[PDB]
Each structure stands twice: as C-alpha cells, then as structure tokens.
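Heads up, start-v1.cif below (mmCIF, C-alpha atoms):
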data_input
loop_
_atom_site.label_atom_id
_atom_site.label_comp_id
_atom_site.auth_asym_id
_atom_site.auth_seq_id
_atom_site.Cartn_x
_atom_site.Cartn_y
_atom_site.Cartn_z
CA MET A 1 10.06 10.56 13.65
CA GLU A 2 6.47 11.17 14.87
CA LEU A 3 2.84 11.37 13.74
CA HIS A 4 1.96 14.35 11.51
CA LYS A 5 -4.94 10.92 17.12
CA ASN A 6 -5.46 9.99 20.72
CA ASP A 7 -6.39 6.46 19.65
CA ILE A 8 -2.79 6.08 18.49
CA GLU A 9 -1.24 6.44 21.94
CA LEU A 10 -4.18 4.46 23.27
CA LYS A 11 -2.66 1.81 20.94
CA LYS A 12 -6.06 0.87 19.48
CA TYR A 13 -4.77 -0.32 16.08
CA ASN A 14 -2.37 -2.73 14.48
CA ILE A 15 -0.12 -0.82 12.07
CA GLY A 16 1.01 -1.68 8.55
CA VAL A 17 4.22 -0.38 6.98
CA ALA A 18 3.35 0.23 3.32
CA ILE A 19 6.66 0.10 1.46
CA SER A 20 6.98 1.69 -2.02
CA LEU A 21 9.60 -0.48 -3.69
CA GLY A 22 12.25 1.55 -5.47
CA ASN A 23 11.03 4.82 -3.94
CA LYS A 24 14.19 6.69 -2.91
CA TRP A 25 12.73 7.57 0.52
CA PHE A 26 12.41 3.85 1.37
CA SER A 27 16.02 3.18 2.25
CA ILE A 28 16.64 0.34 4.68
CA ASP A 29 17.29 3.00 7.36
CA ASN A 30 13.99 4.77 6.77
CA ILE A 31 12.17 1.42 6.78
CA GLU A 32 13.80 0.54 10.13
CA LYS A 33 12.56 3.84 11.58
CA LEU A 34 8.97 3.24 10.39
CA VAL A 35 9.16 -0.24 11.89
CA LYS A 36 10.47 1.15 15.18
CA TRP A 37 7.74 3.82 15.26
CA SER A 38 5.07 1.20 14.54
CA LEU A 39 6.26 -1.25 17.23
CA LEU A 40 5.90 1.51 19.80
CA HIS A 41 2.44 2.66 18.77
CA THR A 42 0.75 -0.54 17.66
CA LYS A 43 -1.88 -2.51 19.51
CA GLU A 44 0.05 -5.75 18.97
CA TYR A 45 1.35 -6.48 15.47
CA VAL A 46 3.29 -4.63 12.77
CA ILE A 47 2.63 -5.77 9.19
CA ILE A 48 5.34 -5.06 6.59
CA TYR A 49 4.24 -5.39 2.96
CA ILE A 50 5.00 -3.96 -0.47
CA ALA A 51 2.23 -1.44 -1.18
CA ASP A 52 3.10 -0.38 -4.76
CA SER A 53 5.84 -0.76 -7.35
CA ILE A 54 6.13 2.42 -9.49
CA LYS A 55 6.60 -12.35 -17.51
CA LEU A 56 6.67 -14.80 -14.57
CA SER A 57 3.16 -14.07 -13.29
CA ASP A 58 -0.18 -12.83 -14.54
CA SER A 59 -0.30 -10.54 -11.49
CA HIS A 60 2.14 -7.60 -11.51
CA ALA A 61 2.20 -7.33 -7.69
CA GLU A 62 3.02 -11.05 -7.47
CA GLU A 63 5.84 -10.61 -9.99
CA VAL A 64 7.23 -7.79 -7.86
CA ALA A 65 7.01 -10.05 -4.80
CA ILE A 66 9.02 -12.85 -6.40
CA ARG A 67 11.59 -10.69 -8.22
CA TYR A 68 12.47 -8.00 -5.63
CA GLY A 69 10.23 -8.22 -2.56
CA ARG A 70 11.80 -11.39 -1.19
CA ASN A 71 15.31 -9.87 -1.24
CA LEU A 72 13.95 -6.69 0.29
CA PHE A 73 12.34 -8.75 3.10
CA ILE A 74 15.57 -10.69 3.62
CA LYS A 75 17.46 -7.43 4.16
CA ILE A 76 14.80 -6.00 6.50
CA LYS A 77 14.82 -9.19 8.57
CA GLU A 78 18.59 -9.16 9.07
CA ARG A 79 18.52 -5.47 10.04
CA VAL A 80 15.69 -6.04 12.52
CA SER A 81 17.37 -9.06 14.12
CA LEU A 82 20.33 -6.77 14.88
CA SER A 83 18.31 -3.70 15.94
CA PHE A 84 15.46 -5.15 18.06
CA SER A 85 14.93 -7.70 20.81
CA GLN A 86 13.52 -11.20 20.29
CA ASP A 87 10.16 -10.24 21.77
CA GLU A 88 9.83 -7.19 19.53
CA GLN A 89 10.81 -9.26 16.45
CA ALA A 90 7.92 -11.60 17.37
CA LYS A 91 5.45 -8.72 16.73
CA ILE A 92 6.47 -8.28 13.07
CA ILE A 93 4.67 -10.03 10.19
CA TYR A 94 6.32 -10.00 6.73
CA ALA A 95 3.29 -10.02 4.43
CA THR A 96 3.96 -11.07 0.85
CA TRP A 97 1.45 -10.34 -1.88
CA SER A 98 0.03 -13.87 -1.43
CA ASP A 99 -0.66 -13.35 2.31
CA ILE A 100 -2.76 -10.31 1.41
CA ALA A 101 -4.40 -11.28 -1.92
CA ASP A 102 -6.78 -13.91 -0.56
CA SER A 103 -10.21 -14.76 -1.98
CA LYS A 104 -12.12 -11.75 -0.62
CA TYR A 105 -9.37 -9.34 -1.73
CA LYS A 106 -9.20 -10.66 -5.32
CA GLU A 107 -12.95 -10.09 -5.72
CA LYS A 108 -12.35 -6.43 -4.86
CA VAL A 109 -9.55 -6.25 -7.46
CA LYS A 110 -11.74 -7.89 -10.11
CA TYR A 111 -14.51 -5.36 -9.48
CA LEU A 112 -11.99 -2.57 -10.14
CA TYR A 113 -10.63 -4.39 -13.23
CA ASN A 114 -14.09 -4.66 -14.72
CA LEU A 115 -14.90 -1.04 -13.89
CA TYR A 116 -11.61 -0.07 -15.59
CA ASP A 117 -12.75 -1.90 -18.75
CA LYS A 118 -16.48 -1.00 -18.83
CA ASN A 119 -16.41 2.63 -17.52
CA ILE A 120 -14.41 5.03 -19.69
CA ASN A 121 -14.49 7.90 -17.17
CA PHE A 122 -12.83 5.57 -14.65
CA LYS A 123 -10.27 4.29 -17.16
CA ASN A 124 -9.44 7.86 -18.18
CA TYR A 125 -9.09 9.14 -14.61
CA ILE A 126 -6.84 6.19 -13.66
CA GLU A 127 -4.76 6.71 -16.81
CA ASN A 128 -4.39 10.46 -16.17
CA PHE A 129 -3.12 9.37 -12.76
CA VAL A 130 -0.22 7.47 -14.33
CA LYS A 131 0.59 10.30 -16.75
CA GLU A 132 1.18 12.82 -13.98
CA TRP A 133 3.53 10.42 -12.18
CA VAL A 134 5.73 9.89 -15.22
CA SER A 135 5.50 13.52 -16.28
CA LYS A 136 7.81 13.91 -13.25
CA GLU A 137 10.35 11.46 -14.71
CA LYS A 138 12.77 11.92 -17.58
CA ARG A 139 11.70 8.62 -19.09
CA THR A 140 8.78 8.35 -21.53
CA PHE A 141 5.95 5.81 -21.93
CA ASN A 142 3.50 4.95 -24.69
CA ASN A 143 -0.25 4.76 -24.19
CA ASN A 144 -0.27 0.98 -23.95
CA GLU A 145 2.27 1.05 -21.13
CA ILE A 146 0.24 3.82 -19.48
CA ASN A 147 -2.86 1.62 -19.63
CA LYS A 148 -0.88 -1.32 -18.25
CA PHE A 149 0.38 0.71 -15.27
CA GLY A 150 -3.17 1.89 -14.58
CA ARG A 151 -4.25 -1.71 -14.03
CA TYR A 152 -1.33 -2.24 -11.62
CA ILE A 153 -2.53 0.54 -9.30
CA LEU A 154 -5.95 -1.14 -9.14
CA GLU A 155 -4.36 -4.29 -7.71
CA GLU A 156 -3.03 -2.28 -4.75
CA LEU A 157 -6.08 -0.04 -4.34
CA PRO A 158 -8.25 -2.23 -2.02
CA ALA A 159 -5.36 -2.57 0.46
CA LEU A 160 -5.24 1.22 0.81
CA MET A 161 -8.99 1.55 1.07
CA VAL A 162 -10.31 -1.36 3.15
CA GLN A 163 -9.06 -2.96 6.33
CA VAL A 164 -7.68 -6.39 5.29
CA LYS A 165 -6.03 -9.37 6.93
CA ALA A 166 -2.38 -10.28 6.52
CA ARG A 167 -2.02 -13.99 7.37
CA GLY A 168 -5.06 -13.94 9.67
CA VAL A 169 -4.29 -10.56 11.29
CA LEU A 170 -6.38 -7.45 10.67
CA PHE A 171 -4.52 -4.15 10.48
CA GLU A 172 -6.71 -1.05 10.62
CA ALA A 173 -3.96 1.53 10.05
CA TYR A 174 -0.83 1.99 7.96
CA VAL A 175 2.05 4.47 8.06
CA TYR A 176 3.45 6.38 5.11
CA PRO A 177 5.90 9.32 5.13
CA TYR A 178 3.78 11.81 3.15
CA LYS A 179 0.44 12.54 1.51
CA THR A 180 0.34 11.56 -2.17
CA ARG A 181 -2.13 11.89 -5.02
CA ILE A 182 -3.05 8.25 -4.28
CA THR A 183 -3.79 8.85 -0.58
CA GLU A 184 -5.88 11.89 -1.54
CA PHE A 185 -7.73 9.79 -4.13
CA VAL A 186 -8.38 6.97 -1.63
CA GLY A 187 -9.70 9.55 0.84
CA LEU A 188 -12.26 10.80 -1.67
CA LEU A 189 -13.23 7.23 -2.56
CA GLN A 190 -13.83 6.25 1.09
CA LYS A 191 -16.13 9.26 1.45
CA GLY A 192 -17.95 8.42 -1.81
CA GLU A 193 -17.00 11.85 -3.13
CA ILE A 194 -15.45 10.35 -6.29
CA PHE A 195 -16.69 7.28 -8.23
CA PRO A 196 -19.38 6.49 -5.59
CA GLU A 197 -20.04 3.08 -7.14
CA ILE A 198 -16.72 1.86 -5.67
CA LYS A 199 -17.60 2.64 -2.05
CA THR A 200 -20.97 0.97 -2.61
CA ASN A 201 -19.49 -2.25 -3.99
CA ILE A 202 -16.06 -2.87 -2.38
CA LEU A 203 -16.02 -0.76 0.85
CA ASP A 204 -17.80 -1.25 4.15
CA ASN A 205 -17.63 1.58 6.72
CA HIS A 206 -14.45 0.31 8.35
CA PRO A 207 -12.08 2.57 6.42
CA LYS A 208 -8.31 1.94 6.34
CA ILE A 209 -6.64 4.62 8.40
CA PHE A 210 -3.67 6.53 6.91
CA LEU A 211 -1.04 7.72 9.43
CA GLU A 212 1.46 10.26 8.14
CA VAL A 213 4.79 9.55 9.88
CA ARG A 214 8.17 11.11 9.09
CA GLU A 215 11.06 13.03 10.70
#
What does this structure look like when you write it as structure tokens?
Amino acid sequence: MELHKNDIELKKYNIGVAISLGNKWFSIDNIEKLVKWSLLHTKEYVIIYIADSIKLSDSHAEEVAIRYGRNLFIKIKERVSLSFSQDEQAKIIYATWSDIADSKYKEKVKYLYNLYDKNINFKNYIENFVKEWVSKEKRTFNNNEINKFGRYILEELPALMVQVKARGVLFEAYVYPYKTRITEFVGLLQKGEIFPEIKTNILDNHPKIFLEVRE
C-alpha cells in the first residue's frame, strides 16, 4: 500500500481520504488502509469525507450524508478506535458535507451550476460524462436522470479541484486508489486546458494534489 513525490515523505501536506460511497473498492478494510497510509505520510491531520456518490434535501451530497454517510462514519470510527492509538485517532477529522460546503465553497458550486445551465457545450460534456459511467452498468437511465446526475458531479467538483478547509483545517492533498475519468478531467481543468473559464473564475493557483495510493 504505497504511493504510485519527495514532499510526501517530507510530510508537507495534510491528506484527505476521498471515499466513493458504494464503490466496491471502498470496503471498510480498504478505507482503514488508506487511513493508515495517510496518518503516516501527513503533515498533521487526516480528513475523511465522502467525495462522490455514484427527497430530504435540496442538495444531493447532503442527502447522501444524512442517509448513508453517517452510518459509514460510525463504522469507520469503531474500526479506527480498535486499530489505532488514542494519539493517532486525535489526528483524524470526519468531515461531513456540511463541514466542507461552507460559504466560499457554495459560491464555487453555484458558478458551475450556472455554467451547466447557460453553456450547452459544458452541459453536454458533463452529460456525456455520466453516460459513459452508466454504459458500464447493466442498469439504464433516461435523459432527465442523466441530467440530474450531471448536476451532482458539479457539487463535488470544487473539492477535487481547489484546496478547501474541513472544519477550519486546510488539506492540500487527497488519496484515491486509481486514476479515473474525473481525476483526468480535473487535471485538465486545473491547467486551463479544458473549459478555461472555470480556472479563471473558481480556481486560484493552489491546486488540489491527487495522490494515487493502492496495493
């Protein structure tokens, strides 16, 4: 379980663990290993949050937090309190969607929402994103559901792109087991190589660092 870079063993960064809820790789055991890896390599804190989710709330991410995320976090906490010492447990921050989606963050989401409504090339590219995901599944989805899912990605996009605070604590880097179409998309966005208007408006030359960590 190692990094797939000298600043990492110089422990320059706090590390987030970006959990994909319902993704088969994110067993409790694989989460515990990412948390162990992060505690060893982090500057100080490890931030655990739900990074995506592929009506009790107008915000999809918030609905995921209240319906499933809490019970996920309860299981992670019990596992950690058996696997790690009290002083290591003190370094872990369980960041709900509310701890992340502060004022500044919601302005970034609203910029993306309005771009998704007023720019058809952006809507279409985000929608084509969803279609390739669910082309991999047996289940089928209409165009209205596809357009709904596209909005849901946008809610999580700033957290992948910009360095943000979880309950007062900046984390510059996050770990994820493999490159995805999303992490490739974010990489182009941060460079201004795709939809340059987004970098100009919502990003700021401290880019969120993606660390690929797996067995």
Exercise. Which residues come within 9 Å of residue A:21, counting only C-alpha atoms, excluding same-chain residues fewer than 2 positions away, as a list in words?
Worked result: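 Neighbouring residues, sequence-local ones excluded: residues 19, 23, 24, 26, 50, 51, 52, 53, 54, 64, 68, 69 and 72 of chain A.
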Residues of the last selection are to be written out with C-alpha atoms, as an mmCIF file, keeping the file's coordinate frame.
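The resulting file, selection21.cif, is shown below:
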data_model
loop_
_atom_site.group_PDB
_atom_site.id
_atom_site.type_symbol
_atom_site.label_atom_id
_atom_site.label_comp_id
_atom_site.auth_asym_id
_atom_site.auth_seq_id
_atom_site.Cartn_x
_atom_site.Cartn_y
_atom_site.Cartn_z
ATOM 1 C CA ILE A 19 6.660 0.100 1.460
ATOM 2 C CA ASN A 23 11.030 4.820 -3.940
ATOM 3 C CA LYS A 24 14.190 6.690 -2.910
ATOM 4 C CA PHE A 26 12.410 3.850 1.370
ATOM 5 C CA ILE A 50 5.000 -3.960 -0.470
ATOM 6 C CA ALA A 51 2.230 -1.440 -1.180
ATOM 7 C CA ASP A 52 3.100 -0.380 -4.760
ATOM 8 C CA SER A 53 5.840 -0.760 -7.350
ATOM 9 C CA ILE A 54 6.130 2.420 -9.490
ATOM 10 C CA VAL A 64 7.230 -7.790 -7.860
ATOM 11 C CA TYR A 68 12.470 -8.000 -5.630
ATOM 12 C CA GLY A 69 10.230 -8.220 -2.560
ATOM 13 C CA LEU A 72 13.950 -6.690 0.290
#
Problem set entry | Residue among A:110, A:167, A:91, A:43 lying closest to residue A:201, counting all atoms listed in the file | A:110
Exercise. Which residue, A:149, A:195, A:116, A:174, has the smallest gap to residue A:45 when you use only C-alpha atoms?
Worked result: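 Using only C-alpha atoms, residue A:45 sits closest to A:174.
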Taking the file above as input, evaluate the PyMOL selection byres ((chain A and resi 28-35) around 9) and report the hits as a PDB file with C-alpha atoms, in the coordinates of the input.
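As written to disk, selection-v3.pdb reads:
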ATOM      1  CA  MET A   1      10.060  10.560  13.650  1.00  0.00           C
ATOM      2  CA  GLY A  16       1.010  -1.680   8.550  1.00  0.00           C
ATOM      3  CA  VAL A  17       4.220  -0.380   6.980  1.00  0.00           C
ATOM      4  CA  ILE A  19       6.660   0.100   1.460  1.00  0.00           C
ATOM      5  CA  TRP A  25      12.730   7.570   0.520  1.00  0.00           C
ATOM      6  CA  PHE A  26      12.410   3.850   1.370  1.00  0.00           C
ATOM      7  CA  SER A  27      16.020   3.180   2.250  1.00  0.00           C
ATOM      8  CA  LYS A  36      10.470   1.150  15.180  1.00  0.00           C
ATOM      9  CA  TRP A  37       7.740   3.820  15.260  1.00  0.00           C
ATOM     10  CA  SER A  38       5.070   1.200  14.540  1.00  0.00           C
ATOM     11  CA  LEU A  39       6.260  -1.250  17.230  1.00  0.00           C
ATOM     12  CA  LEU A  40       5.900   1.510  19.800  1.00  0.00           C
ATOM     13  CA  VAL A  46       3.290  -4.630  12.770  1.00  0.00           C
ATOM     14  CA  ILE A  47       2.630  -5.770   9.190  1.00  0.00           C
ATOM     15  CA  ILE A  48       5.340  -5.060   6.590  1.00  0.00           C
ATOM     16  CA  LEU A  72      13.950  -6.690   0.290  1.00  0.00           C
ATOM     17  CA  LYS A  75      17.460  -7.430   4.160  1.00  0.00           C
ATOM     18  CA  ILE A  76      14.800  -6.000   6.500  1.00  0.00           C
ATOM     19  CA  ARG A  79      18.520  -5.470  10.040  1.00  0.00           C
ATOM     20  CA  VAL A  80      15.690  -6.040  12.520  1.00  0.00           C
ATOM     21  CA  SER A  83      18.310  -3.700  15.940  1.00  0.00           C
ATOM     22  CA  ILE A  92       6.470  -8.280  13.070  1.00  0.00           C
ATOM     23  CA  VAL A 175       2.050   4.470   8.060  1.00  0.00           C
ATOM     24  CA  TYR A 176       3.450   6.380   5.110  1.00  0.00           C
ATOM     25  CA  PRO A 177       5.900   9.320   5.130  1.00  0.00           C
ATOM     26  CA  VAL A 213       4.790   9.550   9.880  1.00  0.00           C
ATOM     27  CA  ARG A 214       8.170  11.110   9.090  1.00  0.00           C
TER      28      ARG A 214
END
Problem set entry | Result set, the PyMOL selection byres ((chain A and resi 130) around 9) on current file, as a list in words |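 That selection, the PyMOL selection byres ((chain A and resi 130) around 9), comes back as residues 126, 127, 128, 129, 131, 132, 133, 134, 135, 146, 147, 149, 150 and 153 of chain A.
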For this session: Please measure the separation of atom CA of residue A:122 and atom CA of residue A:109, giving the value in Å to one decimal.
Result: 14.2 Å
For this session: Go ahead and compute the interatomic distance for atom CA of residue A:15 and atom CA of residue A:82, in Å to one decimal.
Result: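 The value is 21.5 Å.
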Exercise. At what distance in Å, to one decimal, does atom CA of residue A:169 lie from atom CA of residue A:105?
Worked result: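 Distance reported for this atom pair: 14.0 Å.
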Problem set entry | From A:41, A:136, A:11, A:151, residue lying nearest residue A:114 [only C-alpha atoms] |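 Closest to residue A:114, using only C-alpha atoms: A:151.
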Exercise. From the set A:10, A:170, A:61, A:198, which residue has the shortest atom-to-atom contact distance to residue A:97, counting all atoms listed in the file?
Worked result: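 Of the candidates, the smallest distance to residue A:97 is held by A:61.
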Exercise. Selected by the PyMOL selection byres ((chain A and resi 183-194) around 9) in the shown coordinates: which residues, as a PyMOL selection string?
Worked result: chain A and resi 157+160-162+178-182+195-200+203+205+207-208+210
